[PDB]
There are 2 protein chains.
Amino acid sequence: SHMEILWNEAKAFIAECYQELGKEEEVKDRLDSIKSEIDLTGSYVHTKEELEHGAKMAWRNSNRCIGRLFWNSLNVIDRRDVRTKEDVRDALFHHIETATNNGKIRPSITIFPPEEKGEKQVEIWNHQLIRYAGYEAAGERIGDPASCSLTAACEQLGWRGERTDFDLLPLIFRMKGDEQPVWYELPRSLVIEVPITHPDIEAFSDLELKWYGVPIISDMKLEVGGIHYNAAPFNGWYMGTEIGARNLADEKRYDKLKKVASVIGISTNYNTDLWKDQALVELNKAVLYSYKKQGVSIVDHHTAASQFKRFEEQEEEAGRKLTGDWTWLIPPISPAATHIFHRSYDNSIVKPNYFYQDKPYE
Amino acid sequence: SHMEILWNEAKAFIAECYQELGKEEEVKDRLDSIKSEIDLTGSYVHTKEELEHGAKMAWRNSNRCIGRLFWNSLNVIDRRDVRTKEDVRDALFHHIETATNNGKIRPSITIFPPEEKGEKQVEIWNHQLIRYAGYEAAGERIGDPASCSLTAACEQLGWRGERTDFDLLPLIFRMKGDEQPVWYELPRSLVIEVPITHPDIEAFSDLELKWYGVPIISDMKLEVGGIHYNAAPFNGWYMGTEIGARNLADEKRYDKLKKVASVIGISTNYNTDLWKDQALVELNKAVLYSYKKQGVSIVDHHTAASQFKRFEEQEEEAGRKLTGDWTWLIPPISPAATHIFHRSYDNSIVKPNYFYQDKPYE
Ligand code: HEM
Ligand code: HEM
Ligand SMILES: C[C@H](O)[C@H](O)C1=Nc2c(nc(N)[nH]c2=O)NC1
Ligand SMILES: C[C@H](O)[C@H](O)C1=Nc2c(nc(N)[nH]c2=O)NC1
Ligand SMILES: N=C(NO)NCCC[C@H](N)C(=O)O
Ligand SMILES: N=C(NO)NCCC[C@H](N)C(=O)O
């Protein structure tokens, strides 16, 4: 039944892809080759043009992403030639270096070899290539609680952290033919970090906060024409609220709102004073100012929504339908001040797209 | 087919209602009487206990309401005896007076006669009993844009406003047997209004803002045991954000954020400064402070979410399932700071409940 499903999805992808590219003539021929290949091996190999355009279409169909206006400018890195653990490590080191680009971040994706008979060639365990560790001793919390389970798995393999609130996790992945994964500590020269300060309030630095510069999701599956690429890291640039309103504010994460209120000089006695709302405004203002000072790319939520509006218009103009998830598109601060809040979206799934997959650990 | 549907809904309501009331014995008898009544007239008459408990259950099932913790304390006013236009006017005047209660607002509902053969006995045109008019001359906007259509209909009947930003609309309703509705100007002694000032910034009064004290939704249909009460006004008390983050902030309503930014001393040049988020915080703080000073009931969003949490727990403890609409339950300011944001809800419809109905005007 797997051979049937593969053929269906290949028929729809080739036609739609070559149509957008203006190569409708070649559709008839290529399909005959893919068909013969499927009967011969049980799968097919995408051309460079096909995989490159496929990863772009997948971003365009991501219902939960507010940055879809820049979909056609994605930088695609083809690494389907990797065979060893050293090959993977160097490619991952290269992704961080080129995407960072000394601060002027470049949206990118690295393509590793896909699954064969459902079996993987390379399996990445990290959620993001750069992330902080999390420990929960009987005493209290240290680090990022969302990293608990992955942190425990790394220490079960010989790794050991320093136990500060910001320990960098190591790269951890498994090669086909091995029962357990291998790990490599990240070189400090490759990772940019940004200390958090405030434009007018000098005491803000007493909190000693900081965050990393580039978010690189590395545990999702990219599906193109029936072919499953379980390993394919991708990155864009941060939207301010992700850090100041969630990562540092959530009670289940760093939980910093009370401390913020203290350094800015306001009381935390009464809810009618709305101290939580005021603390959120100063913290978020601090995140945008600090990233800009050091020259690292970032975007505020009002500018972001404005760009997404232009995206909706372009899609209508091109003749394509729009899909999206309202519950993820609205910003976590001042949502009613953007256009997104005042309209509705169709949350249907269209392929090619990016998908969630089960975690090896846990 | 209408006689069939009525019987079904009556069977489920009586059993469920008498069960909660601990009168399961009387279920067998009452059902036999209702059945005979339906064959005789084509409808049935609720007892005082049945209608009172029915309006309470309906509030408990309202997916979009965050104030459901106080459902069992609702004040029910039975006015199914009205026959003339003067009878309706006095009852509506009485609802505003008793619900206001000199500031200590009392959640209430007034029950008018229900529909017969789909035909209404009394039809209310107002959206809320107390609301401001809206005009849109070629010059610009004056008043509340959301009141445009209803305002035009009132002037088509002989009414005339003064054209300020806060003209009070008149009560307007139609009696069975008349082709057009009648109107009555509201007595100023019955309507409480609150001027908006700021606790620390004295220049805030230069904006000359104000809003009314009690929101009374009067155009929804209450359905209990197959019986349709198209006319049944109800009220609770305001949640701060409804006024400061929507009524006075939306670009399609009063659109005041830029003016607010001016009186507090901040610039509106750059989105990275987050001036819209800061203006929203001071305006909302002003609304809570002003209502309290004058002694009128109001609640902030953090306290409100906290109360709703206790509601979820009580429902679980009583053995009933929970239903709700996430998109309406989350507050329009700092949503990620409340528990509601971090969970999911089942948006199924359970009866008895309140429903939308077509507008006579427009
Ligand atoms: C160029 C700048 C980019 C910005 C400004 C941006 C911003 C966002 C934001 C705000 C979210 C929500 C994250 C959260 O709440 O945790 C998101 C989700 C997502 N974005 Fe982007 N993104 C960018 C680039 C990309 C790229 C390059 C891709 C893919 C090639 C992409 C695919 C998606 C997908 C699938 C999600 C959902 C993730 C999940 O379900 O956990 N985005 N993006
Ligand atoms: C006692 C205090 C009350 C508070 C604090 C409260 C608060 C709220 C809020 C914030 C909304 C959203 C309004 C909007 O976004 O426009 C709402 C909606 C609603 N509430 Fe309440 N409410 C109260 C009492 C009541 C009462 C007394 C009833 C019914 C007997 C009720 C029935 C509902 C319903 C059906 C909606 C949806 C209205 C719509 O769809 O337009 N609430 N309530
Ligand atoms: C996770 C669950 O679906 C829940 O709706 C939310 N979390 C998030 C959210 N929105 C964003 N962007 N990110 C989240 O983590 N909204 C909803
Ligand atoms: C009206 C439409 O359903 C849209 O989701 C919204 N308006 C509102 C909303 N939330 C509230 N409480 N009130 C609204 O007017 N969220 C959604
Ligand atoms: N802005 C982007 N992608 O470019 N974001 C991805 C998800 C990141 C996650 N919200 C974090 O704070 O780490
Ligand atoms: N808080 C309550 N009901 O008690 N609200 C009802 C809806 C009111 C509407 N949001 C307004 O601002 O007028």
# chains A, B, ... in the order shown; residues from 1 in each chain; ligands from 1
call {"tool": "closest_atom_pairs", "arguments": {"of": "chain A", "to": "ligand 3", "cutoff": "9 Å", "atoms": "only C-alpha atoms and all ligand atoms", "output": "tab-separated table"}}
result
residue	atom	partner	partner_atom_place_in_ligand_line	distance
A:64	CA	ligand 3	12 (N)	7.4
A:65	CA	ligand 3	12 (N)	8.4
A:242	CA	ligand 3	12 (N)	7.8
A:246	CA	ligand 3	15 (O)	7.9
A:326	CA	ligand 3	16 (N)	8.8
A:327	CA	ligand 3	16 (N)	5.2
A:328	CA	ligand 3	10 (N)	4.0
A:329	CA	ligand 3	12 (N)	6.3
A:330	CA	ligand 3	12 (N)	7.2
A:331	CA	ligand 3	12 (N)	7.0
A:332	CA	ligand 3	10 (N)	7.2
call {"tool": "select_by_dssp", "arguments": {"residues": "range 181-271 of chain B", "states": "strand (DSSP E or B)", "output": "ChimeraX atom specification"}}
result
/B:182-184,193-195,210-212,216-217,221-224,227-229,234-235,239
call {"tool": "write_last_selection", "arguments": {"atoms": "N, CA, C and O atoms", "output": "mmCIF file, in the first residue's frame"}}
result
data_model
loop_
_atom_site.group_PDB
_atom_site.id
_atom_site.type_symbol
_atom_site.label_atom_id
_atom_site.label_comp_id
_atom_site.auth_asym_id
_atom_site.auth_seq_id
_atom_site.Cartn_x
_atom_site.Cartn_y
_atom_site.Cartn_z
ATOM 1 N N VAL B 182 -42.305 51.623 18.175
ATOM 2 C CA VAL B 182 -42.465 52.894 18.876
ATOM 3 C C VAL B 182 -41.172 53.179 19.655
ATOM 4 O O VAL B 182 -40.381 52.263 19.877
ATOM 5 N N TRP B 183 -40.959 54.435 20.068
ATOM 6 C CA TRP B 183 -39.751 54.814 20.813
ATOM 7 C C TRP B 183 -39.955 55.737 22.022
ATOM 8 O O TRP B 183 -40.892 56.544 22.061
ATOM 9 N N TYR B 184 -39.038 55.638 22.983
ATOM 10 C CA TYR B 184 -39.070 56.455 24.199
ATOM 11 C C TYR B 184 -37.661 56.908 24.599
ATOM 12 O O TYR B 184 -36.747 56.094 24.722
ATOM 13 N N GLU B 193 -23.094 57.377 34.354
ATOM 14 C CA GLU B 193 -21.976 57.531 33.414
ATOM 15 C C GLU B 193 -20.712 57.827 34.206
ATOM 16 O O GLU B 193 -20.775 58.439 35.283
ATOM 17 N N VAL B 194 -19.566 57.381 33.679
ATOM 18 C CA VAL B 194 -18.273 57.557 34.347
ATOM 19 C C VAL B 194 -17.197 58.282 33.529
ATOM 20 O O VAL B 194 -16.769 57.798 32.480
ATOM 21 N N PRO B 195 -16.757 59.470 33.994
ATOM 22 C CA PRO B 195 -15.723 60.248 33.303
ATOM 23 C C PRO B 195 -14.363 59.561 33.513
ATOM 24 O O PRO B 195 -14.066 59.101 34.612
ATOM 25 N N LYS B 210 -15.443 59.219 28.317
ATOM 26 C CA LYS B 210 -16.398 58.688 29.294
ATOM 27 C C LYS B 210 -17.099 57.465 28.696
ATOM 28 O O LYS B 210 -17.033 57.248 27.487
ATOM 29 N N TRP B 211 -17.723 56.653 29.549
ATOM 30 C CA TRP B 211 -18.467 55.461 29.105
ATOM 31 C C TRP B 211 -19.596 55.208 30.116
ATOM 32 O O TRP B 211 -19.569 55.765 31.223
ATOM 33 N N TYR B 212 -20.612 54.432 29.730
ATOM 34 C CA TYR B 212 -21.738 54.162 30.632
ATOM 35 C C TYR B 212 -21.427 53.024 31.577
ATOM 36 O O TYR B 212 -20.568 52.189 31.292
ATOM 37 N N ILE B 216 -26.220 45.984 29.027
ATOM 38 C CA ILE B 216 -27.428 45.155 29.038
ATOM 39 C C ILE B 216 -27.803 44.632 27.649
ATOM 40 O O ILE B 216 -28.529 45.289 26.912
ATOM 41 N N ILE B 217 -27.311 43.442 27.303
ATOM 42 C CA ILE B 217 -27.589 42.830 25.992
ATOM 43 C C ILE B 217 -29.073 42.512 25.883
ATOM 44 O O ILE B 217 -29.624 41.751 26.679
ATOM 45 N N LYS B 221 -31.823 35.544 21.789
ATOM 46 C CA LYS B 221 -32.935 34.636 22.087
ATOM 47 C C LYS B 221 -32.576 33.572 23.135
ATOM 48 O O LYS B 221 -31.539 32.922 23.035
ATOM 49 N N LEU B 222 -33.425 33.429 24.154
ATOM 50 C CA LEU B 222 -33.224 32.423 25.203
ATOM 51 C C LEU B 222 -34.108 31.212 24.875
ATOM 52 O O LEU B 222 -35.323 31.342 24.723
ATOM 53 N N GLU B 223 -33.498 30.041 24.763
ATOM 54 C CA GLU B 223 -34.251 28.828 24.451
ATOM 55 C C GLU B 223 -34.273 27.864 25.639
ATOM 56 O O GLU B 223 -33.221 27.444 26.133
ATOM 57 N N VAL B 224 -35.476 27.563 26.134
ATOM 58 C CA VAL B 224 -35.649 26.652 27.269
ATOM 59 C C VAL B 224 -36.770 25.632 27.017
ATOM 60 O O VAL B 224 -37.940 26.003 26.864
ATOM 61 N N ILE B 227 -39.186 26.068 24.061
ATOM 62 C CA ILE B 227 -39.890 27.350 24.062
ATOM 63 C C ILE B 227 -38.922 28.487 23.730
ATOM 64 O O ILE B 227 -37.878 28.621 24.366
ATOM 65 N N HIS B 228 -39.276 29.294 22.729
ATOM 66 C CA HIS B 228 -38.430 30.408 22.282
ATOM 67 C C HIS B 228 -38.758 31.792 22.865
ATOM 68 O O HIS B 228 -39.732 32.419 22.460
ATOM 69 N N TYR B 229 -37.931 32.270 23.798
ATOM 70 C CA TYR B 229 -38.120 33.595 24.393
ATOM 71 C C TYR B 229 -37.240 34.600 23.636
ATOM 72 O O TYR B 229 -36.120 34.906 24.064
ATOM 73 N N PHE B 234 -30.660 40.804 29.527
ATOM 74 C CA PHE B 234 -29.826 40.325 30.649
ATOM 75 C C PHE B 234 -28.557 41.169 30.867
ATOM 76 O O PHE B 234 -28.054 41.779 29.926
ATOM 77 N N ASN B 235 -28.032 41.178 32.097
ATOM 78 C CA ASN B 235 -26.815 41.945 32.405
ATOM 79 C C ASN B 235 -25.922 41.378 33.517
ATOM 80 O O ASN B 235 -26.393 40.763 34.479
ATOM 81 N N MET B 239 -15.901 43.954 32.308
ATOM 82 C CA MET B 239 -14.513 43.499 32.514
ATOM 83 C C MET B 239 -13.739 44.658 31.836
ATOM 84 O O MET B 239 -14.021 44.995 30.688
#
call {"tool": "atom_distance", "arguments": {"atom1": "CA of residue 8 in chain A", "atom2": "CA of residue 358 in chain A"}}
result
25.3 Å
call {"tool": "interface_residues", "arguments": {"of": "chain A", "to": "chain B", "cutoff": "6 Å", "atoms": "only C-alpha atoms", "output": "MDAnalysis selection string"}}
result
chainID A and resid 332:334 336
call {"tool": "write_last_selection", "arguments": {"atoms": "N, CA, C and O atoms", "output": "PDB file, in the first residue's frame"}}
result
ATOM      1  N   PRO A 332       1.218  37.260  21.187  1.00  0.00           N
ATOM      2  CA  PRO A 332       0.874  37.125  22.606  1.00  0.00           C
ATOM      3  C   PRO A 332       0.727  38.443  23.402  1.00  0.00           C
ATOM      4  O   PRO A 332       0.365  38.428  24.579  1.00  0.00           O
ATOM      5  N   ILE A 333       0.993  39.570  22.745  1.00  0.00           N
ATOM      6  CA  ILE A 333       0.875  40.911  23.351  1.00  0.00           C
ATOM      7  C   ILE A 333       0.112  41.789  22.374  1.00  0.00           C
ATOM      8  O   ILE A 333       0.396  41.756  21.177  1.00  0.00           O
ATOM      9  N   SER A 334      -0.835  42.575  22.895  1.00  0.00           N
ATOM     10  CA  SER A 334      -1.685  43.480  22.103  1.00  0.00           C
ATOM     11  C   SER A 334      -2.231  42.870  20.799  1.00  0.00           C
ATOM     12  O   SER A 334      -2.133  43.481  19.727  1.00  0.00           O
ATOM     13  N   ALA A 336      -5.353  42.515  19.592  1.00  0.00           N
ATOM     14  CA  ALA A 336      -6.418  43.315  18.968  1.00  0.00           C
ATOM     15  C   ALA A 336      -5.924  44.563  18.227  1.00  0.00           C
ATOM     16  O   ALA A 336      -6.706  45.253  17.571  1.00  0.00           O
TER      17      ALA A 336
END
call {"tool": "residues_around", "arguments": {"residues": "residue 88 in chain A", "least_positions_apart": "3", "cutoff": "12 Å", "atoms": "only C-alpha atoms", "output": "PyMOL selection string"}}
result
chain A and resi 79-85+91-95+110-113+121-124+171-175+182-184+231-233
call {"tool": "residues_around", "arguments": {"residues": "residue 49 in chain B", "least_positions_apart": "6", "cutoff": "12 Å", "atoms": "only C-alpha atoms", "output": "tab-separated table (two decimals) with C-alpha atoms, in the first residue's frame"}}
result
chain	number	residue	atom	x	y	z
B	14	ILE	CA	-37.79	18.34	32.53
B	17	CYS	CA	-33.96	20.14	35.51
B	18	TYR	CA	-35.90	18.16	38.16
B	21	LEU	CA	-33.41	20.18	41.84
B	23	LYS	CA	-37.52	16.35	42.28
B	55	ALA	CA	-32.22	30.90	32.59
B	56	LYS	CA	-29.51	29.93	35.08
B	76	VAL	CA	-34.81	36.49	37.61
B	77	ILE	CA	-37.68	38.96	36.91
B	78	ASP	CA	-40.94	37.41	35.60
call {"tool": "decode", "arguments": {"residues": "range 109-121 of chain B", "atoms": "N, CA and C atoms", "output": "PDB file, in the first residue's frame"}}
result
ATOM      1  N   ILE B 109     -32.021  39.397  34.764  1.00  0.00           N
ATOM      2  CA  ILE B 109     -32.706  39.086  33.506  1.00  0.00           C
ATOM      3  C   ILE B 109     -34.247  39.272  33.673  1.00  0.00           C
ATOM      4  N   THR B 110     -34.888  39.899  32.678  1.00  0.00           N
ATOM      5  CA  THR B 110     -36.349  40.129  32.667  1.00  0.00           C
ATOM      6  C   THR B 110     -36.981  39.250  31.578  1.00  0.00           C
ATOM      7  N   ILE B 111     -37.917  38.387  31.975  1.00  0.00           N
ATOM      8  CA  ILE B 111     -38.587  37.464  31.054  1.00  0.00           C
ATOM      9  C   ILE B 111     -39.940  37.950  30.486  1.00  0.00           C
ATOM     10  N   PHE B 112     -39.971  38.271  29.190  1.00  0.00           N
ATOM     11  CA  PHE B 112     -41.206  38.706  28.510  1.00  0.00           C
ATOM     12  C   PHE B 112     -41.894  37.487  27.880  1.00  0.00           C
ATOM     13  N   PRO B 113     -43.134  37.648  27.378  1.00  0.00           N
ATOM     14  CA  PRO B 113     -43.864  36.528  26.749  1.00  0.00           C
ATOM     15  C   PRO B 113     -43.124  35.985  25.521  1.00  0.00           C
ATOM     16  N   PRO B 114     -43.064  34.645  25.365  1.00  0.00           N
ATOM     17  CA  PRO B 114     -42.395  33.950  24.252  1.00  0.00           C
ATOM     18  C   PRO B 114     -43.189  33.901  22.940  1.00  0.00           C
ATOM     19  N   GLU B 115     -42.559  33.367  21.893  1.00  0.00           N
ATOM     20  CA  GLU B 115     -43.189  33.234  20.579  1.00  0.00           C
ATOM     21  C   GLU B 115     -44.313  32.189  20.632  1.00  0.00           C
ATOM     22  N   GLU B 116     -45.332  32.374  19.784  1.00  0.00           N
ATOM     23  CA  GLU B 116     -46.474  31.455  19.702  1.00  0.00           C
ATOM     24  C   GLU B 116     -46.258  30.435  18.582  1.00  0.00           C
ATOM     25  N   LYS B 117     -46.708  30.786  17.380  1.00  0.00           N
ATOM     26  CA  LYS B 117     -46.555  29.922  16.216  1.00  0.00           C
ATOM     27  C   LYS B 117     -45.394  30.507  15.396  1.00  0.00           C
ATOM     28  N   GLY B 118     -44.283  30.764  16.077  1.00  0.00           N
ATOM     29  CA  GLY B 118     -43.126  31.354  15.431  1.00  0.00           C
ATOM     30  C   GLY B 118     -43.242  32.868  15.443  1.00  0.00           C
ATOM     31  N   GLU B 119     -44.445  33.365  15.724  1.00  0.00           N
ATOM     32  CA  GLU B 119     -44.706  34.800  15.772  1.00  0.00           C
ATOM     33  C   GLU B 119     -44.448  35.405  17.159  1.00  0.00           C
ATOM     34  N   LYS B 120     -43.764  36.547  17.155  1.00  0.00           N
ATOM     35  CA  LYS B 120     -43.406  37.254  18.389  1.00  0.00           C
ATOM     36  C   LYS B 120     -44.537  38.076  19.011  1.00  0.00           C
ATOM     37  N   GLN B 121     -44.457  38.274  20.327  1.00  0.00           N
ATOM     38  CA  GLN B 121     -45.438  39.071  21.065  1.00  0.00           C
ATOM     39  C   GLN B 121     -44.857  40.467  21.279  1.00  0.00           C
TER      40      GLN B 121
END
